[PDB]
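Participant: so I've got this experimental structure, pasted below with the sequence.
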Amino acid sequence: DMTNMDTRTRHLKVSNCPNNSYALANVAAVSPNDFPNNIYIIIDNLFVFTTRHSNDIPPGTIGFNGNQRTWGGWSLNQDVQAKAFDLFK
Amino acid sequence: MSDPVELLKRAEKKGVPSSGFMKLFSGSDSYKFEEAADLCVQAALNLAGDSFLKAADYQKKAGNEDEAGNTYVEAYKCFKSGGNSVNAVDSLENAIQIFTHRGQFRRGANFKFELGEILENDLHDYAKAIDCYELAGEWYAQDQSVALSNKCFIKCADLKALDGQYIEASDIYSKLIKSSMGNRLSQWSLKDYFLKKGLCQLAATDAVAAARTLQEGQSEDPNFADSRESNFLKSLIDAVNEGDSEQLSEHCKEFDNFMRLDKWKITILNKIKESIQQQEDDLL
Amino acid sequence: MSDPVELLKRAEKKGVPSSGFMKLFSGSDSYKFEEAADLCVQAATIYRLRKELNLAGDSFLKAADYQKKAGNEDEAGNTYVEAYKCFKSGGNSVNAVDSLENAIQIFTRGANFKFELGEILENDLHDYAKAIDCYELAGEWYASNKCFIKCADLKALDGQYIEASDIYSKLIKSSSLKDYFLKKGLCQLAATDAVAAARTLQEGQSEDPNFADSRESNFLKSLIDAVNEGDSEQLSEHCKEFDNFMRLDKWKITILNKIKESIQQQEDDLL
Amino acid sequence: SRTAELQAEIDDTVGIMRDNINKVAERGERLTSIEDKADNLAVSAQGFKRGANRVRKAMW
Amino acid sequence: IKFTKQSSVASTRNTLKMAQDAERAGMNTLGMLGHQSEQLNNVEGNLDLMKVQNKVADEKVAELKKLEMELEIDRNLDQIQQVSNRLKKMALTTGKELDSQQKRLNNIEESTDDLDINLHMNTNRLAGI
């Protein structure tokens, strides 16, 4: 259910993926304080990913894998903009 | 010639501060400390260094900080000269503190660079050497001595990369690139800088950052764009992207055949190949 | 550590010269100025330890003024040099320039600090005329080749091609040569004096065997021929050929741009 | 023949640069000693200034 | 034959790049040597001034006491020859400055050495007044 969620923009640092399992899932691992669980979030208004709660990632940080960085051309510790996404609208 | 032991004994006798009732009739103790320091200087390689150290301590007690720093420099000279690296390091530390407290950050930086050299070569205290080199480069930059700060930063980045701090070494290499840009005098240094930076970024498994660095160097420095270092860095980036360790080894051999590699690069690429092996371990 | 503000206040209190009746009983005011300068130096060292470089520079300046009032001109010059150092480190180019000026006046070192002042003017304040003057004076006192290089470069960039060529001739006589000749010719060609450029090329070829076979000589000859035939495109082609093997610098870029615009101006005179 | 001449010139320049490296080693040596002695000179000059000042105060 | 020619092209490309390497380094060396020679000229002037001032001090202290591949190979060799000519001249040139500065440094060392002692001499004499 995506009807209600905080859409406020957040600036998050790109860091190494926590482990291979998270990279395999291809889901943005976020802290519970960052965003709700199992919701679609857009980044830079271009890159959409599904959020999953992760306690190993501190609030205010976003985890990415190598392929996602290659798609976005991002380096480690790079700052990116994240917002809530609504594909249906 | 006077006996140095007798001179040191006389200096110690004169070096006793006035105490109690005598202090009400004895003048300033500075003169006694000065005389003891002069006697110690006369008496004073390891024994001579110890005696300079005593003279410097007496000079500090006398308020002559500059003379104390000079005597500490002489003590450092002779301790290093006697193979006593620890006492030389101590003497350099006191001299550096004296000079910095007096605003002579140039002298402090020079002797800090010497101290870092001593730590790196004689005592193998690589962390302290890195700290000394970083501080010396910073002070040289505050004096606008671009080349000396650049040398200190080269040493600091080399040691940091050898120490497992690839990101910090790459940052220092970026600082070196920015400082040396536009200077006709440091261009090859730049040609290498870019390469080294990329290598560090590749030791950190950040192939994207290495590619960004290669592109920046190619677009910013025409000399680097056509340099073999640029081609070698691109080949290394491609090899890491494809995960072909053997291709990386072949590229390294090709690069060595025309431009001999150094132990720093050897270590970086060895860690990179072991990282490919670790990825192969993660592959299972 | 003592409060630098309190130290400065005490120095100001002690820095008041004896006046009126008190002057008949008070000794020489030099000692009061010396004590005030020492207090200012202490407060200023405290400021420097706090990285408050501008306040430390101001305090060195006050100490230097007190030292001047005390007659210790050499100490005043050293304090002015320290003021220049900390102001320059603090990003205050104007106060650094002022401190360098007082130090230069006291010393007249004057040439070294004049070269530094010219560098500050050229890079930080972009006062190119004052930088040219400083470089010329520093070179004269040193006599000098480096200062004259800087002076000639700025003068040529400033529209003074003839003076830049004269300074290049002085550099050639004192001596770099391979480039000097080229640069001189370029300046003479920026002044539309192709005959002078040809004379310079011939002199360099006959006097310096190195310049005769050097690419700079061939490039200068090609430029002279192009200006003689009034073929701007040929000049551009020669410039590209020269760049392909020896990269051009912004100085040469400006000189040749003005030369090409002079060819365009001649085309305007053609009508 | 042109390539052989070029090789000969490069070998000669290598020789001259080897000589220069030896000379710059000698220059560094001359300079480490002169830096230390200029330090001695600065210390002695300060000491002389102070001693002269103390005599100035004495005579006064 | 084609492979060998390609190898020759690559070799001459590297030789040219390295020749350019030598040239920039040499030009920087000469620039720095001119600047350092000049710092040493400044040093020389102060040593001269201090000599005069020590003469004055001597007399004052005394009184005080009294009181396609083929074509590219060819073009690359052309350029290598061009740079090589400049490299040779640079090696000769750097040698002359090292000789001159070496004699200047020897004289600076001796003059500094002396003044240092002259100052010690007058300081010891002043101590006794």
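Facilitator: Structure's in. What do you need? Numbering: from 1, shown residues only, chains lettered A, B, ... in the order given.

Participant: can you give me the helices for chain A?
Facilitator: With DSSP state H applied, chain A shows helices at A:20-25, A:66-72, listed in chain order.

Participant: same for the shortest one, what does it pack against?
Facilitator: Judged by 3 or more Cβ pairs under 8 Å, 6 or more residues apart in numbering or on different chains; DSSP states H and E, helix A:20-25 has no packing partners among the helices and strands. In short, each C-beta sits where N, CA and C put it, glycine included.

Participant: contacts only, for residue E:24.
Facilitator: Residues near residue E:24 by Cβ atoms under 8 Å, 6 or more residues apart in numbering or on different chains: B:184-185, B:187-188.

Participant: in this structure residue E:80 contacts residue E:16, no?
Facilitator: Yes - the pair residue E:80 / residue E:16 is scored as a contact, 5.3 Å apart, by Cβ atoms under 8 Å.

Participant: who has more neighbours out of those two?
Facilitator: For residue E:80 versus residue E:16, neighbours defined as other Cβ atoms under 10 Å in any protein chain shown are more numerous around residue E:80 (22 against 18).

Participant: so is the host helix or strand of the more buried one next to chain B?
Facilitator: Per DSSP states H and E: residue E:80 is located in helix E:69-127. No - Helix E:69-127 stays clear of chain B (Cβ under 8 Å from any Cβ of the partner chain), getting no nearer than 10.9 Å.

Participant: can you list the contacts of residue E:24 in TSV and add neighbour count and distance to chain D?
Facilitator: As requested, these are arranged in TSV below (neighbours: other Cβ atoms under 10 Å in any protein chain shown; distance: Cβ to the nearest Cβ, whole Å):
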residue	neighbour count	distance to chain D
B:184	11	20
B:185	16	16
B:187	23	19
B:188	19	16
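
Participant: farthest-apart pair in those residues, please.
Facilitator: Spatially, the most separated pair among the contacts of residue E:24 is B:184 and B:188, at 10.7 Å (Cβ to Cβ).

Participant: show me the contacts for residue E:82.
Facilitator: The neighbours of residue E:82, taking Cβ under 8 Å, 6+ apart as the test, are C:215, C:245.

Participant: gap between it and residue C:223?
Facilitator: The gap separating residue E:82 from residue C:223 is 19 Å, by Cβ to Cβ, to the nearest Å.

Participant: please apply the same query to residue E:31.
Facilitator: Residue E:31 sits 25 Å away from residue C:223, going by Cβ to Cβ.

Participant: equivalent analysis for residue D:53, please.
Facilitator: To residue C:223, residue D:53 is 64 Å away according to Cβ to Cβ.

Participant: the strands in chain A, which residues?
Facilitator: Per DSSP state E, chain A has strands spanning A:10-15, A:28-30, A:40-43, A:47-53, A:61-63, A:79-84. These are given in chain order.

Participant: and those strands as JSON lines, adding distance to chain B and mean neighbour count?
Facilitator: Conversion of those to JSON lines gives the following (distance: least, Cβ to the nearest Cβ, whole Å; neighbours: other Cβ atoms under 10 Å in any protein chain shown):
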{"stretch": "strand A:10-15", "distance to chain B": "10", "mean neighbour count": "16"}
{"stretch": "strand A:28-30", "distance to chain B": "18", "mean neighbour count": "25"}
{"stretch": "strand A:40-43", "distance to chain B": "16", "mean neighbour count": "19"}
{"stretch": "strand A:47-53", "distance to chain B": "15", "mean neighbour count": "17"}
{"stretch": "strand A:61-63", "distance to chain B": "15", "mean neighbour count": "21"}
{"stretch": "strand A:79-84", "distance to chain B": "13", "mean neighbour count": "16"}
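
Participant: and chain E, which of those strands is closest to it?
Facilitator: Proximity to chain E (Cβ to the nearest Cβ) singles out strand A:10-15 among the strands of chain A, at 36.8 Å.

Participant: paired strands for the closest one, with orientation please.
Facilitator: Strand A:10-15 has these partner strands in its sheet, going by DSSP bridges: strand A:61-63 (parallel), strand A:79-84 (antiparallel).

Participant: now residue 72: closest residue in space that isn't a chain neighbour?
Facilitator: The chain I'm using is chain A. Of all residues beyond its chain neighbours, the one nearest residue A:72 is residue A:47 (5.9 Å), with distances taken as Cβ to Cβ, 6 or more residues apart in numbering or on different chains.

Participant: oops, chain E please
Facilitator: Distances taken as Cβ to Cβ, 6+ apart put residue E:9 closest to residue E:72, at 5.5 Å, once the chain neighbours are dropped.

Participant: check residue B:101 too.
Facilitator: What sits nearest to residue B:101 in space, not counting adjacent residues and going by Cβ to Cβ, 6+ apart, is residue B:65, at 7.1 Å.

Participant: and that neighbour, what does it touch?
Facilitator: Each residue near residue B:65 by Cβ under 8 Å, 6+ apart is listed here: B:59, B:98, B:101-102.

Participant: what's the ChimeraX line that selects buried ones from the residues you listed?
Facilitator: To isolate the buried members of the contacts of residue B:65 in ChimeraX, using 16 or more other Cβ atoms under 10 Å in any protein chain shown:
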select /B:59,98
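
Participant: next, format the contacts of residue B:65 as JSON lines and append secondary structure.
Facilitator: Rendered in JSON lines, the data for the contacts of residue B:65 read as follows (DSSP: H, G, I helix; E, B strand; the rest coil):
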{"residue": "B:59", "secondary structure": "helix"}
{"residue": "B:98", "secondary structure": "helix"}
{"residue": "B:101", "secondary structure": "helix"}
{"residue": "B:102", "secondary structure": "coil"}
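
Participant: and which of the contacts of residue B:65 is nearest to residue D:44?
Facilitator: Ranking the contacts of residue B:65 by separation from residue D:44, with Cβ to Cβ as the measure, puts residue B:59 on top at 15.3 Å.

Participant: make sure the closest one is actually in contact with residue B:72.
Facilitator: No - Residue B:59 lies out of contact with residue B:72 (Cβ under 8 Å); the separation is 9.2 Å.

Participant: which residue is the nearest non-sequential neighbour of whichever residue of the stretch 101-250 of chain B sits closest to chain E?
Facilitator: When distances are taken as Cβ to the nearest Cβ, the stretch 101-250 of chain B reaches nearest to chain E at residue B:185, 4.0 Å away. Nearest residue to residue B:185, sequence neighbours excluded (Cβ to Cβ, 6+ apart): residue E:28, at 4.0 Å.

Participant: any idea how far the one you found is from residue C:23?
Facilitator: Residue E:28 sits at a distance of 61 Å from residue C:23 (criterion: Cβ to Cβ).

Participant: just residue B:251 next, same as before
Facilitator: As judged by Cβ to Cβ, residue B:251 and residue C:23 stand 85 Å apart.

Participant: the most centrally placed residue in chain D sits in which helix or strand?
Facilitator: To find the centre residue of chain D, average its C-alpha atoms and take the closest one (Cα atoms, centre = their mean): that gives residue D:31, at 2.6 Å. When secondary structure is defined using DSSP H and E, the element that contains residue D:31 is helix D:2-59.

Participant: do that helix and chain C meet?
Facilitator: No - Helix D:2-59 stays clear of chain C (Cβ under 8 Å from any Cβ), getting no nearer than 9.6 Å.

Participant: can you spell out which helices and strands pack onto that helix?
Facilitator: Under the contact rule (3+ Cβ pairs under 8 Å, 6+ apart), helix D:2-59 is packed against helix B:65-81, helix E:2-66, helix E:69-127.

Participant: now that helix: how far from the chain's centre is it?
Facilitator: Relative to the chain's own centre, helix D:2-59 is displaced by 0 Å; criterion: Cα atoms, centre = their mean, to the nearest Å.
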